[PDB]
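Here the protein sequences line up with chains A, B, I and E, keeping their order. Those letters in the first sequence? Residues 1 to 386, by the deposited numbering. Those letters in the second sequence? Residues 1 to 608, by the deposited numbering. Those letters in the third sequence? Residues 2 to 137, by the deposited numbering. Those letters in the fourth sequence? Residues 7 to 61, by the deposited numbering. By construction, the Cβ of each residue, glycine as well, lies at the ideal position given by its N, Cα and C atoms. Before any comments, here is the structure.
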Amino acid sequence: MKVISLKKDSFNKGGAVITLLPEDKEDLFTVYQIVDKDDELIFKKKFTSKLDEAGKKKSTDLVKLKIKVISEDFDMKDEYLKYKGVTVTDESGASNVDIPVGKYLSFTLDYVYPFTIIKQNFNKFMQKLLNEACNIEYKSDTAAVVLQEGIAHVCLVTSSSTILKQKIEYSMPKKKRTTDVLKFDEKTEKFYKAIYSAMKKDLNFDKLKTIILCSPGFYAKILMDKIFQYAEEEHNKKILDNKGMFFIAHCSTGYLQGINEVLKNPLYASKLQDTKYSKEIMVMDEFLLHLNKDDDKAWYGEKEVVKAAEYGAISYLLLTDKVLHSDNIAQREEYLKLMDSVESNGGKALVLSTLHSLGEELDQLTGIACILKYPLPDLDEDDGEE
Amino acid sequence: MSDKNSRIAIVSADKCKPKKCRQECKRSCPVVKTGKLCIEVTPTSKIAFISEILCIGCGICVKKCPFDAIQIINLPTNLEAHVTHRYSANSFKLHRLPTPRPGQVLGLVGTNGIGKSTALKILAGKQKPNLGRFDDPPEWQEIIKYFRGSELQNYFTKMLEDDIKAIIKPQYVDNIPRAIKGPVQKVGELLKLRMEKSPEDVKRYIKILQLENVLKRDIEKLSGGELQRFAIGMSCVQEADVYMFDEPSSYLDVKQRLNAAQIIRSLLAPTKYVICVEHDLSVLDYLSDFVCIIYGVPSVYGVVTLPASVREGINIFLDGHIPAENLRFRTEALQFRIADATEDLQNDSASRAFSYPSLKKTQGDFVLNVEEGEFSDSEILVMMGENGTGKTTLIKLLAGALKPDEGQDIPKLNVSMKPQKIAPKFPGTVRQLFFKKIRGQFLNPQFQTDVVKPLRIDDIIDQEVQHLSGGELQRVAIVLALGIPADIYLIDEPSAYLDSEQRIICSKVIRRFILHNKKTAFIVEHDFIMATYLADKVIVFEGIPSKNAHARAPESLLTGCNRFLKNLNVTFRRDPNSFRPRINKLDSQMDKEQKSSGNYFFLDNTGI
Amino acid sequence: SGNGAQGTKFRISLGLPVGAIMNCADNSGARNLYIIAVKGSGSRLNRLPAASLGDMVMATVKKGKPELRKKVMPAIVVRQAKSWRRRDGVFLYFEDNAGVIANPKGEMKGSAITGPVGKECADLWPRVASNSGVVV
Amino acid sequence: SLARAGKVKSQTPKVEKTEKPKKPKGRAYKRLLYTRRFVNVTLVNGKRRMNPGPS
RNA sequence: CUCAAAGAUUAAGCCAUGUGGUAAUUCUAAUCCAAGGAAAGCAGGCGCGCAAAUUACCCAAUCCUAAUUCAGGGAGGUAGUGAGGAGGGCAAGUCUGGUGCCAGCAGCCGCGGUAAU
RNA sequence: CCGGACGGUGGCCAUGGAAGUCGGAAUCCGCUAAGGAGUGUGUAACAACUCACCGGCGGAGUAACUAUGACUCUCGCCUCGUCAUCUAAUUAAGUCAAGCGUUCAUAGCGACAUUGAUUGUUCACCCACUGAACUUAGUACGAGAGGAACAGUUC
RNA sequence: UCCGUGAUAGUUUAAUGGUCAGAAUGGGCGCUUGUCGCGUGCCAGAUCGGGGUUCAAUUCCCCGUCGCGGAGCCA
Ligand SMILES: Nc1ncnc2c1ncn2[C@@H]1O[C@H](COP(=O)(O)OP(=O)(O)OP(=O)(O)O)[C@@H](O)[C@H]1O
Ligand code: SF4
Ligand code: SF4
């Protein structure tokens, strides 16, 4: 999401006027939870597509409709959000000019043009989902760092999307005439501090898992050791506990390009630790470790995890992509409460993509599962089943 | 894109008790969670049913089943193309059938449960194939259509019209005594009635089969080998075009099974169509012009291959793999120890084992003679020869069960013994019986590999022995003999009722324990290969069956094998690829050359 | 030798050092085999590794179907030409150098072998036995 | 987007057909046509028509 | 109802089956291999594609082939398989409910932005 | 060497579950010879061990997209380059112990601090090979996944 | 790495004698004009971060941060 504006009128303490640009189908789902019935939107389309009848005849234009919302057709798989509505009929002429009043009109959303939401019921829950991201489902977990010898991009993935949050960048070492003119080491030293500060703030650095460190040359490796040097200096145990968030990659190209060079190329990636399968894999391990030695310390399935939670034995929560994105909206509220509820009793969380072997194993298990901290026998009783 | 696949589920009702589990299958399945159909409960018979259409192939249900009642497999849609018949929901289904051809003999070979028996009924007109569907009220018409593209199509038109009525030699060997008494009265009556052919045929058929003694006896009275042969007689005597034999080698001895094979082949000469099913490769090779191989998991499925040559089909069988089907049907390949392979030890133990003097046992109708021989420790001796020779009598005497007419064998030794024909006569269940003999033998890993896991005795544990099956009972009995410690162990004809995999599990069993424990064993056998693997010495029996007999001292493997095979006059050169015995025809130059060398068999040994 | 080679092999005169090209004698589409390595061969400064009868090599196809060219695969030497000597005292030799493309386990890629095949190779590689006509 | 596929067919409300006199087939139907079109005529409001609803 | 075209276009692409010896031939004094050696006609299958049927019956007819008959013949003959439109050009005023440049129509012209010929 | 190791009670709050034994302080009472609101081993959670303590023993801006920059404004080093193409192949030590190590500082680690191508190529980077193979054995162990050796044999 | 050389409003660059800081463009402000824009009137800097000296420091020292040029030998 990109939010062009967002202002708070003086005549209305409550609601808001948000101009915004949805960027992917995760951002379609965001729009969904913001837009209410009886809010207004003004977007554009392309109406003038009359009779004949007198003249040819049409005209063309690019006519923008101030439509009040009545309904929605929302299909997440299909990347289709559509708002049905009636013209607000701006008799004032300032808006809605060129449209013929008295005639319903729809908005199929596109990622191309921004639109304005005149909101009535702008709440604190929507605001979270507009300025932190809005994947109450969570698909990702990544951040990258490309550096060539002269340019760097700190990249980053989202709180929701494969959507950049912060394009950092330092003064990168460029292979100077002398031994690599000392400006290299001080400036590189700066970057770590710059990237650590950004990721600490942007994130709750307990939400991202991955930093990929990517270079043409030895630069990446140099930088890793430099990270953990400064780490020992500060006694920064946020970094030192955790050899598994940095992963050291080589690429040819290193602009924003570099990332997709690294990932999709089988040089440095596969299903080993990219850290957006990280703890996802490690906890789904431990989940079957327990469950197959019939120990009562792992439990599985939408019926069974909600009951394993009622007994309040659960730590590491295993959730999926499929059961979320397969088709269904509503349903993912229930599971989100259920993550917090469970953690309010104990635990972290792992969302696994079902586009993969691991997510498929858990999906054959209703896409929801757990590991407990402690055995709580016969969690399948009270609630009736197996 | 990806290749195509399917799911097939077969459930065993014997294994399933829904009360204890609960209908857990439905509850645990992920498809049903969603509201789908994969597992449906049948309120009637009270069984779980799994539909193949809705099932995911997850296998979650299989793991959850407390017993191990459910099996889900994933196939590349190999089975779907071929569907001939299915017994019912979640039961055995048959795939393909064997071609019949006039003037020739077509073989069939496979492991038990493949549907070789079923296939015969379908060809017989006894059962009508449903076609994996509803087909039931005589819909022979649909079967021809299903067979189109196959040579069987012509046969099915013939069968419906009833131009030909096939004659069937019934398969189940255990079942026959109950069914017939007399045939009505005595075997002789059967042979006179059935004889459509020549008056010569009555005499000739009896002479070749060695039925002369048996005519006066009743069918119920007959021993297993005798029982088989009378059936064969009726299948020559009958007038017809198609003669189906289903397992004609069962119960028979080594000499007799070869004899049966020749006579059956004579039918091809009159240009009468013949079909046959065999567990024995020696027998199968001789009989057949063409051979089919039946493969697949037992009781789950079994497919018939396209027709093949005699030599070719046998070669492929032994590999354990079939290329078009691309299935490794058998988990491990069969191999025989070279004798170079064996461990080299100085053997005596206490200086040699016990020894027996000349023995004689005379019933008054049969007389057995035995030549003084010696037995040593940690050795194994095979006993071969035709039945009625007193192979059984000899073992009994050593067991102490029988008292010799002359001679004596009073040994200090503790003996364990396994009888030849096993009929239940013990009250109790299978687990109780085996536990009394020895628990702890049951704990060993060796016993898990050979007995418990393959059959699934766990399910058998509650079942009564009277209620039991033939082959399953056999492996259990052999194991039980091994259950208790003894200086010497005695086993009589372990190969009965067993298919290829089953016998070979036994071969590994006797050799390994004996070697390890440093104890001795005597094993009686008809199967060539089993004797070779286990033994170090052999005793050959000779004489005339049902009259008199003789035994010899133990002699080396090479020496004993030459004598035995010389009595048969069939040489088994060697096949270079398979290392299998390759049979040699009578009067020949190559075979003639061997007779001058004294080599009936070949192995990875030096020799010309 | 190595994988799938059931049997040992008595030493026989090395005929084919690296760089040698033998005839491809199967029906795989390959016309020749260019030897780049011998399996199980040892090390001595300056010595070319060199194969013989029933050795498994690593080759590329210099001449043949393009789907076979530009890559390295296993092959097995089936005919020699450098004369060698058996333990029955005989010094013998074929008219050509030739081998057949194969998999690490030792399975033929093709289905026929054209020409004769020396027994020491037949004895070594069962799937080679299968596809052989005249042996030795 | 695939999304919409079959949106409208699936959102039109069923209405079942109605049960009506069987029309004769063949020569008889031609007869009906000839009498309807040519014999007792029908209307001629201005000229002629072959089915309007309210006019 | 009688009359019957029919796997040529794609791939003249590929085809299951219908006194003595010897593995085995109508033996002779890309397939089966006792390792020696021997072997685009009907139906029907695979494949191919947009694309074409049955493993049937028969000599009765029409004639053909062999010698003074009435033998032979899937040449041949019988059977089986195998018939949318209602805006205009077009002719129907199209009317009633759902849809809103979404779904869809529409050979072209053009329809479709709640009152849709 | 061994016996005994006990009642208030499973202290109190934090408590998802913490009954002495991850945690926040607080250390009492009765017992009787002596038995800690509890040394370490803890099943989630008591137990069940234990022990203490009684005792038996030249520079920048520009984006109806990121980037670039049509436009406005001002005075072959890195390199073995990247893509192809030709190759099977191508420069043609130790101390301290805070920490990790999911439970545990030292299994395994430890901050701070401190005592044949291609090239002249070395190098570097690929392509291949191989102590190995064979039985021992798909064995022992393992829910599986997988996976030994000693003996004997050939290289 | 040394020695040289800089940096001023959104941006590029003029400037001083120790007491005084600009231009141009870009922008924000109207008017033009059908309506935008060109045009035409109107508008607005912590002089890189830093410490020191002095009555008074944009101006005079000292350091860094960055961007530049110039060297780079006999192995
Ligand atoms: N009445 C039945 N109901 C269901 N399945 C049956 C029935 N009779 C036989 N079967 C199935 O058909 C398969 C068996 O038989 P067939 O009698 O066809 O075997 P075979 O192939 O002759 O084997 P075997 O060598 O063991 O005698 C079995 O595995 C079994 O599952
Ligand atoms: S099959 Fe197994 S789990 Fe299912 S009902 Fe029977 S016993 Fe229970
Ligand atoms: S395998 Fe899976 S999907 Fe099929 S029946 Fe069992 S649980 Fe249901």
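Check	Outcome
Selection of the region 68 to 100 of chain B by Cβ proximity to chain A, strictly under 9 angstroms	none
Near-chain A residues of the region 19 to 47 of chain B (beta-carbon distance less than 9 angstroms), N- to C-terminal order	21, 22, 24, 27, 28, 30, 33 and 34
Residue nearest to residue 218 (chain B) in terms of C-alpha spacing, selected from B:381, B:201, B:424 and B:190	B:190
Any non-hydrogen atom of ligand 4 within 7 angstroms of residue 60 (chain B) CB	In the structure shown, ligand 4 is absent; the only ligands present are ligand 1, ligand 2 and ligand 3.
Counterpart residues of residue 48 (chain B) in DSSP-defined beta bridges	B:41
Contact set between residue 79 (chain A) and chain E, taken where Cβ atoms lie within less than 7 angstroms	7
Sub-8 angstroms separation of residue 73 (chain I) and residue 37 (chain I) beta-carbons	yes
Chain A contact for residue 42 (chain E) (CB, 8 angstroms cutoff)	no
Residues of the region 69 to 100 of chain A with Cβ closer than 9 angstroms to any Cβ of chain E, in chain order	73, 75, 77, 78, 79, 80 and 82
Identity of the residue in B:195, B:281, B:301 and B:357 nearest residue 316 (chain B) by Cα	B:281
Any C-beta of chain A under 8 angstroms from that of residue 566 (chain B)	no
Cβ shell of residue 347 (chain A) (< 7 angstroms), same chain only, five flanking positions each side left out	314, 315, 316 and 317
Counted within 10 angstroms of its Cβ, other Cβ atoms place residue 358 (chain B) as buried (16 or more) or exposed	exposed
Chain-ordered neighbours of residue 60 (chain B) on chain A, where CB pairs are closer than 7 angstroms	364
Segment contact flag, the region 284 to 293 of chain B with the region 548 to 555 of chain B, C-beta cutoff 8 angstroms, min 3 pairs	no
For residue 308 (chain B) and residue 73 (chain B), the rounded distance between their alpha carbons	28 angstroms
Residue burial classification, residue 271 (chain B) (beta-carbon count within 10 angstroms, cutoff 16)	exposed
Cβ neighbour criterion (16 or more within 10 Å) applied to residue 18 (chain E)	exposed
Those residues, in chain order, that have a beta-carbon closer than 5 angstroms to some heavy atom of ligand 1	B:87, B:91, B:92, B:112, B:113, B:114, B:115, B:116, B:117, B:118 and B:299
Cβ pair residue 361 (chain A), residue 160 (chain A) closer than 8 angstroms	no
Neighbour flag for residue 55 (chain E) against chain A, beta carbons, 8 angstroms	no
Separation of residue 67 (chain I) from residue 7 (chain E), as counted between CA atoms	41 angstroms
Closer than 7 angstroms: residue 24 (chain B) CB and nearest ligand 2 heavy atom	yes
Runs of alpha helix (DSSP H) lying entirely within the region 162 to 201 of chain B, each at least 4 residues, in chain order	176 to 179 and 186 to 194
Length of the line joining the Cα atoms of residue 336 (chain B) and residue 322 (chain B)	21 angstroms
Outcome for residue 56 (chain E) when other beta-carbon atoms lying within 10 angstroms are tallied against a minimum of 16	exposed
Residue burial classification, residue 75 (chain I) (beta-carbon count within 10 angstroms, cutoff 16)	buried
Contact test: residue 18 (chain B) Cβ vs ligand 2 heavy atom, cutoff 7 angstroms	yes
Assumed close pair residue 116 (chain A), residue 17 (chain A) - CB separation to whole angstroms, cut-off 8 angstroms	6 angstroms
Residues that residue 56 (chain B) contacts on chain A, provided the C-beta gap is smaller than 8 angstroms	364
DSSP three-state assignment for residue 122 (chain B), whether helix, strand or coil	helix
Cα-Cα separation between residue 75 (chain B) and residue 95 (chain B), rounded to whole angstroms	14 angstroms
Local Cβ density within 10 Å of residue 99 (chain I), reported as buried at 16 or more and exposed below that	buried
Contact test: residue 50 (chain B) Cβ vs ligand 3 heavy atom, cutoff 7 angstroms	yes
Chain-ordered chain A contacts of residue 64 (chain B) [CB-CB under 9 angstroms]	386
Collapsed DSSP secondary structure at residue 23 (chain A) in the structure displayed	coil
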